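Participant: Quick one: this structure, given as structure tokens, is what I'll be asking you about.
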Amino acid sequence: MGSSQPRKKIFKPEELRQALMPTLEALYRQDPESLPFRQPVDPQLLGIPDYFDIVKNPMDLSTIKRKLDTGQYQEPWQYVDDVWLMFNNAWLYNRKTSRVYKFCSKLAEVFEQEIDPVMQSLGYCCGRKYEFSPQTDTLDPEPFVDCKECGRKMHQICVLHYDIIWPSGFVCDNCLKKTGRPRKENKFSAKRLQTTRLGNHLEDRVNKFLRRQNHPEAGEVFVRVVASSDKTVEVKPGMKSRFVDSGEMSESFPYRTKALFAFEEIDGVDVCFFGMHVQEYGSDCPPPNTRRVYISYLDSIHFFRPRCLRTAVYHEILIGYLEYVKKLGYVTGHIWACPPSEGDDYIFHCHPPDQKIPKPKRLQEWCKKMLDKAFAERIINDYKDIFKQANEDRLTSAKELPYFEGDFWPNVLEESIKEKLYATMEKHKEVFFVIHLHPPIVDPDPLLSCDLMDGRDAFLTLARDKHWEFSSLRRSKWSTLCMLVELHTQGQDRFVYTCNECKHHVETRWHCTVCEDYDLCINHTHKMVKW
Ligand SMILES: *O[P@@](=O)(OCC(C)(C)[C@@H](O)C(=O)NCCC(=O)NCCS)OP(=O)(O)OC[C@H]1O[C@@H](n2cnc3c(N)ncnc32)[C@H](O)[C@@H]1OP(=O)(O)O
Ligand SMILES: [Zn+2]
Ligand SMILES: [Zn+2]
Ligand SMILES: [Zn+2]
Ligand SMILES: [Zn+2]
């Protein structure tokens, strides 16, 4: 085994102890909570032959005070590792209700407040031990990066370092203050994801809205369509032989699906807080799907700042989507207000343990207020539930109900092969919404090929394998960081550049510093730079 780091930071025993032990003392000062932890657990005093079969690496205050007085701690992380070992043993062996388990959780909250500022004055990120949430006995550990100058190990998520963005490796912020050099800018930002008129309309509408409240904690919101492609939904086998072969419905229906995300600036970095896939059935689509939009999936992570504006901003995006597609020529929109089953995440891979999953009544009230806001603001003319809408229009055939990919109704009808259906319809009236917005539809936006966002499964899968959780602010920041690198570097679109004036292909060009995407053939009112 070969090794080397010449200007590494090494701590002499007295330095660590003088810094670290004021934290070990705050644990001892907890009475009675520290008392079962001041000496090694003795199973023969306590009556637990169990213990050493269950706890393989015992640890306690006295042992830590010994190592800290002997100098057995080379780096500060070895000290912190040993206290969390102490806490983790107790949390493990004892049941979550026991006294000692609660003693431990008091000691741990005390350690957490004490160790963070200390480790940061010693030049580290924090003094926590982090593990990722459980997957399908052991848990996977958060990752570390070493500063190429210090050698001091840091949490990659704490410092938000990624070699793809900064390929010359991780250099700590303090070593950069002596370095003279600041960190170089992350060019893989949300703002810098390719813009679109759909994306632009949504973010432009929300930011003036956030402005009208003018809360000081709020940051900028970026809305980006990150995928678009042309698909078809195949009629399932039962309804197929009963209606397509007869020629009453088309065998497949074309639609354009789009995946879009919103990001907020929080602590000067991008945080993804909202995501949605939609299906858009244009004006050349045969009945019953002609000129319809459907919200396939809507997902969210509650870290928008401030909390008191979070939902209002979700409504603004949704309300904004309807205004946009109405303008392009769509006539009706549809929402299936269904809360996720089990602990299944629609779009984001690990929601906060304490983000409430709403009751369907809550979910339906939510949409109810959402649509009402749009009617009032003169964007929606009206909206009804499927029954008041379906037979107010007097549908009597199953083929007159819109037929959308992955929607409930194609499979209620598909099982109904052997077998009443109007009764199946009446049971769930409230969860299924029909939204009334009111010359071909022309999407002015180009297609974005992005397999990662081609439907909701690809991003869920990649985030589970790579542990991009959205379970905390710090993890969402990291997951967003990497999500954005994936969109920037592994999308599947290649870019041809054309001069906005001469329709010609350009390589060398003058690009406008102000305009959305403006280039001129070398052969204009704005300052231009050569690219
Ligand atoms: O914060 P919200 O606007 O979020 C709405 C969302 C639909 C975006 C959200 O629930 C989400 O991300 N859902 C993902 C999957 C899904 O359901 N998709 C369906 C698309 S139609 O408002 P909420 O409704 O989430 O919550 C607002 C407050 O209500 C509390 N709350 C929610 N669920 C609760 C349950 N089961 N029990 C009790 N309270 C519940 C939340 O805590 C929120 O209260 P605060 O005071 O803000 O904490
Ligand atoms: Zn850390
Ligand atoms: Zn450093
Ligand atoms: Zn210009
Ligand atoms: Zn030109």
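Chain lettering (A, B, ...) mirrors the order of the structure tokens, residue numbering begins at 1 for each chain separately, and ligand numbering begins at 1 in order of display.
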List the neighbours of range 147-153 of chain A out to 7 Å using only C-alpha atoms; skip same-chain residues closer than 4 positions along the sequence, and give me the result as a list in words.
Facilitator: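 My list of contacting residues is residues 5, 7, 8, 9, 169, 170, 171, 172 and 175 of chain A.
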Participant: Give me, as CSV, each residue of chain A that comes within 8 Å of ligand 4, together with its shortest interatomic pair and the distance in Å at one decimal, counting only C-alpha atoms and all ligand atoms, with rows ordered by chain and rising residue number.
Facilitator:
residue,atom,partner,partner_atom_place_in_ligand_line,distance
A:511,CA,ligand 4,1 (Zn),7.7
A:512,CA,ligand 4,1 (Zn),4.7
A:513,CA,ligand 4,1 (Zn),7.0
A:514,CA,ligand 4,1 (Zn),6.0
A:515,CA,ligand 4,1 (Zn),4.7
A:518,CA,ligand 4,1 (Zn),5.7
A:519,CA,ligand 4,1 (Zn),7.6
A:524,CA,ligand 4,1 (Zn),6.5
A:525,CA,ligand 4,1 (Zn),6.4
A:526,CA,ligand 4,1 (Zn),4.8
A:527,CA,ligand 4,1 (Zn),7.4
A:528,CA,ligand 4,1 (Zn),7.6
Participant: Show me, as a list in words, the residues that have an atom within 10 Å of residue 79 in chain A when counting only C-alpha atoms, minus same-chain residues fewer than 6 positions from it.
Facilitator: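 Skipping anything fewer than 6 positions along the chain leaves residues 16, 17, 20, 21, 24, 64, 65, 67, 68, 72, 73, 85 and 127 of chain A.
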Participant: Which residues are near range 218-229 of chain A? Cut-off 9 Å, only C-alpha atoms, ignore same chain within fewer than 4 positions. Put them as a PDB file with C-alpha atoms, in the first residue's frame.
Facilitator:
ATOM      1  CA  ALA A 190     -30.570  25.212 -13.030  1.00  0.00           C
ATOM      2  CA  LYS A 191     -30.758  28.688 -14.542  1.00  0.00           C
ATOM      3  CA  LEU A 193     -30.378  24.475 -18.278  1.00  0.00           C
ATOM      4  CA  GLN A 194     -31.777  25.233 -21.737  1.00  0.00           C
ATOM      5  CA  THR A 195     -34.649  27.651 -21.586  1.00  0.00           C
ATOM      6  CA  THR A 196     -38.064  27.229 -23.289  1.00  0.00           C
ATOM      7  CA  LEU A 198     -43.144  26.896 -21.597  1.00  0.00           C
ATOM      8  CA  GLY A 199     -40.479  26.990 -18.876  1.00  0.00           C
ATOM      9  CA  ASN A 200     -40.124  30.749 -19.207  1.00  0.00           C
ATOM     10  CA  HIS A 201     -43.851  31.447 -18.841  1.00  0.00           C
ATOM     11  CA  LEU A 202     -44.031  29.471 -15.613  1.00  0.00           C
ATOM     12  CA  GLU A 203     -40.993  31.009 -13.906  1.00  0.00           C
ATOM     13  CA  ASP A 204     -41.781  34.529 -15.148  1.00  0.00           C
ATOM     14  CA  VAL A 206     -44.102  32.979 -10.175  1.00  0.00           C
ATOM     15  CA  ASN A 207     -41.235  35.405  -9.590  1.00  0.00           C
ATOM     16  CA  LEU A 210     -43.078  36.048  -5.020  1.00  0.00           C
ATOM     17  CA  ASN A 214     -41.711  40.394  -0.968  1.00  0.00           C
ATOM     18  CA  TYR A 255     -49.244  12.929 -27.483  1.00  0.00           C
ATOM     19  CA  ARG A 256     -46.285  14.982 -26.467  1.00  0.00           C
ATOM     20  CA  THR A 257     -45.055  14.403 -22.962  1.00  0.00           C
ATOM     21  CA  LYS A 258     -43.011  16.970 -21.089  1.00  0.00           C
ATOM     22  CA  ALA A 259     -41.214  16.746 -17.756  1.00  0.00           C
ATOM     23  CA  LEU A 260     -40.574  20.004 -15.984  1.00  0.00           C
ATOM     24  CA  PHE A 261     -38.937  21.000 -12.733  1.00  0.00           C
ATOM     25  CA  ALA A 262     -38.719  24.138 -10.604  1.00  0.00           C
ATOM     26  CA  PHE A 263     -35.647  25.075  -8.601  1.00  0.00           C
ATOM     27  CA  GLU A 264     -35.187  27.690  -5.881  1.00  0.00           C
ATOM     28  CA  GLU A 265     -31.968  29.407  -4.820  1.00  0.00           C
ATOM     29  CA  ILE A 266     -31.398  28.513  -1.159  1.00  0.00           C
ATOM     30  CA  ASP A 267     -28.159  29.442   0.615  1.00  0.00           C
ATOM     31  CA  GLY A 268     -26.740  30.384  -2.769  1.00  0.00           C
ATOM     32  CA  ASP A 270     -29.914  25.390  -6.510  1.00  0.00           C
ATOM     33  CA  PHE A 304     -39.129  25.952  -0.449  1.00  0.00           C
ATOM     34  CA  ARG A 305     -38.352  29.154   1.468  1.00  0.00           C
ATOM     35  CA  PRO A 306     -40.442  30.575   2.956  1.00  0.00           C
ATOM     36  CA  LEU A 309     -45.346  30.767   0.305  1.00  0.00           C
ATOM     37  CA  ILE A 317     -46.928  26.839 -11.562  1.00  0.00           C
ATOM     38  CA  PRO A 446     -38.415  22.047 -29.724  1.00  0.00           C
ATOM     39  CA  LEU A 447     -38.122  18.516 -28.374  1.00  0.00           C
ATOM     40  CA  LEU A 448     -35.605  17.834 -25.563  1.00  0.00           C
ATOM     41  CA  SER A 449     -34.433  14.219 -25.680  1.00  0.00           C
ATOM     42  CA  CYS A 450     -33.577  13.255 -22.109  1.00  0.00           C
ATOM     43  CA  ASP A 451     -33.892   9.550 -21.317  1.00  0.00           C
ATOM     44  CA  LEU A 452     -33.357  10.253 -17.612  1.00  0.00           C
ATOM     45  CA  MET A 453     -36.611  12.273 -17.595  1.00  0.00           C
ATOM     46  CA  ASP A 454     -38.462  10.194 -20.162  1.00  0.00           C
ATOM     47  CA  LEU A 487     -29.189  16.837 -17.141  1.00  0.00           C
TER      48      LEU A 487
END
Participant: Kindly give the distance, in Å, that separates CA of residue 50 in chain A and CA of residue 99 in chain A, rounded to a single decimal.
Facilitator: 18.1 Å
Participant: Pick out each residue of range 165-378 of chain A that DSSP on the backbone tags as helix (DSSP H, G or I); I need them as a PyMOL selection string.
Facilitator: chain A and resi 173-179+197-213+237-243+307-328+360-376
Participant: Could the residues that lie within 9 Å of ligand 5, counting only C-alpha atoms and all ligand atoms, be listed as a list in words?
Facilitator: residues 498, 499, 500, 501, 502, 503, 504, 505, 506, 509, 519, 520, 521, 522 and 523 of chain A
Participant: Can you write just those residues out, N, CA and C atoms, as a PDB file, in the first residue's frame?
Facilitator:
ATOM      1  N   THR A 498     -27.581  28.035 -35.285  1.00  0.00           N
ATOM      2  CA  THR A 498     -27.925  28.809 -36.452  1.00  0.00           C
ATOM      3  C   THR A 498     -27.983  30.289 -36.082  1.00  0.00           C
ATOM      4  N   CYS A 499     -27.576  31.098 -37.069  1.00  0.00           N
ATOM      5  CA  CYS A 499     -27.672  32.557 -37.064  1.00  0.00           C
ATOM      6  C   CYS A 499     -29.128  32.971 -37.146  1.00  0.00           C
ATOM      7  N   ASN A 500     -29.602  33.788 -36.188  1.00  0.00           N
ATOM      8  CA  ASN A 500     -31.019  34.170 -36.162  1.00  0.00           C
ATOM      9  C   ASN A 500     -31.451  35.030 -37.354  1.00  0.00           C
ATOM     10  N   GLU A 501     -30.496  35.582 -38.094  1.00  0.00           N
ATOM     11  CA  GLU A 501     -30.707  36.460 -39.242  1.00  0.00           C
ATOM     12  C   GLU A 501     -30.690  35.735 -40.594  1.00  0.00           C
ATOM     13  N   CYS A 502     -29.591  35.045 -40.937  1.00  0.00           N
ATOM     14  CA  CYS A 502     -29.341  34.396 -42.232  1.00  0.00           C
ATOM     15  C   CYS A 502     -29.774  32.935 -42.408  1.00  0.00           C
ATOM     16  N   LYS A 503     -30.373  32.265 -41.412  1.00  0.00           N
ATOM     17  CA  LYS A 503     -30.906  30.892 -41.509  1.00  0.00           C
ATOM     18  C   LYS A 503     -29.757  29.926 -41.750  1.00  0.00           C
ATOM     19  N   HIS A 504     -28.542  30.454 -41.836  1.00  0.00           N
ATOM     20  CA  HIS A 504     -27.330  29.693 -42.029  1.00  0.00           C
ATOM     21  C   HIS A 504     -26.844  28.950 -40.795  1.00  0.00           C
ATOM     22  N   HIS A 505     -26.100  27.869 -41.041  1.00  0.00           N
ATOM     23  CA  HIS A 505     -25.436  27.134 -39.974  1.00  0.00           C
ATOM     24  C   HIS A 505     -24.231  27.952 -39.517  1.00  0.00           C
ATOM     25  N   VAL A 506     -23.992  28.068 -38.204  1.00  0.00           N
ATOM     26  CA  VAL A 506     -22.823  28.831 -37.796  1.00  0.00           C
ATOM     27  C   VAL A 506     -21.965  27.932 -36.927  1.00  0.00           C
ATOM     28  N   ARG A 509     -19.449  32.500 -34.179  1.00  0.00           N
ATOM     29  CA  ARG A 509     -20.651  33.338 -34.092  1.00  0.00           C
ATOM     30  C   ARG A 509     -20.505  34.381 -33.000  1.00  0.00           C
ATOM     31  N   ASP A 519     -27.835  34.784 -31.628  1.00  0.00           N
ATOM     32  CA  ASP A 519     -26.582  34.624 -32.343  1.00  0.00           C
ATOM     33  C   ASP A 519     -26.753  35.370 -33.656  1.00  0.00           C
ATOM     34  N   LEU A 520     -25.650  35.864 -34.180  1.00  0.00           N
ATOM     35  CA  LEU A 520     -25.653  36.473 -35.491  1.00  0.00           C
ATOM     36  C   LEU A 520     -24.520  35.965 -36.333  1.00  0.00           C
ATOM     37  N   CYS A 521     -24.861  35.720 -37.593  1.00  0.00           N
ATOM     38  CA  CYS A 521     -23.808  35.480 -38.538  1.00  0.00           C
ATOM     39  C   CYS A 521     -22.966  36.733 -38.589  1.00  0.00           C
ATOM     40  N   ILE A 522     -21.680  36.484 -38.649  1.00  0.00           N
ATOM     41  CA  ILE A 522     -20.647  37.492 -38.683  1.00  0.00           C
ATOM     42  C   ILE A 522     -20.845  38.336 -39.927  1.00  0.00           C
ATOM     43  N   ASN A 523     -21.337  37.728 -41.001  1.00  0.00           N
ATOM     44  CA  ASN A 523     -21.562  38.425 -42.275  1.00  0.00           C
ATOM     45  C   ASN A 523     -22.507  39.613 -42.094  1.00  0.00           C
TER      46      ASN A 523
END
Participant: At a cut-off of 7 Å and counting only C-alpha atoms and all ligand atoms, what residues surround ligand 2? Please answer as a VMD selection string.
Facilitator: chain A and resid 125 to 128 154 to 155 158
Participant: Would you export the selected residues with C-alpha atoms as a PDB file, in the first residue's frame, please?
Facilitator:
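Final output, out.pdb:
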ATOM      1  CA  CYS A 125     -17.770  20.736   7.990  1.00  0.00           C
ATOM      2  CA  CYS A 126     -19.531  19.345  11.084  1.00  0.00           C
ATOM      3  CA  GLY A 127     -19.188  16.586  13.665  1.00  0.00           C
ATOM      4  CA  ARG A 128     -21.991  14.299  12.527  1.00  0.00           C
ATOM      5  CA  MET A 154     -14.968  16.446   4.903  1.00  0.00           C
ATOM      6  CA  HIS A 155     -18.518  15.262   4.083  1.00  0.00           C
ATOM      7  CA  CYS A 158     -21.715  19.126   3.469  1.00  0.00           C
TER       8      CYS A 158
END
Participant: Set the cut-off to 9 Å, count only C-alpha atoms and all ligand atoms, and list whatever residues fall near ligand 1 as an MDAnalysis selection string.
Facilitator: chainID A and resid 273:276 295:302 307:308 310:315 335:340 344:348 351 354:360 362:367 431
Participant: Just the number, please: distance in Å from CA of residue 3 in chain A to CA of residue 140 in chain A, one decimal.
Facilitator: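 For CA of residue 3 in chain A relative to CA of residue 140 in chain A, the distance reads 25.6 Å.
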Participant: Could you check how far CA of residue 13 in chain A sits from CA of residue 159 in chain A, in Å to one decimal?
Facilitator: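 According to the coordinates, CA of residue 13 in chain A and CA of residue 159 in chain A are separated by 26.6 Å.
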Participant: Might you pull out every residue within 8 Å of residue 26 in chain A, with only C-alpha atoms counted and same-chain residues fewer than 4 positions away left off, and present them as a list in words?
Facilitator: residues 22, 30, 110, 111 and 114 of chain A
Participant: When DSSP is applied to the backbone of this structure, which of range 49-200 of chain A are assigned strand (DSSP E or B)? Write them out as a ChimeraX atom specification.
Facilitator: /A:131,141,144-146,153-155
Participant: Give me the residues within 6 Å of residue 332 in chain A as JSON, numbers by chain, counting only C-alpha atoms and dropping any in the same chain fewer than 6 places off.
Facilitator: {"A": [292, 435, 436, 437]}
Participant: Counting only C-alpha atoms and all ligand atoms, which residue out of A:409, A:422, A:124, A:11 sits closest to ligand 3?
Facilitator: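 With only C-alpha atoms and all ligand atoms as the atom set, the closest residue is A:124.
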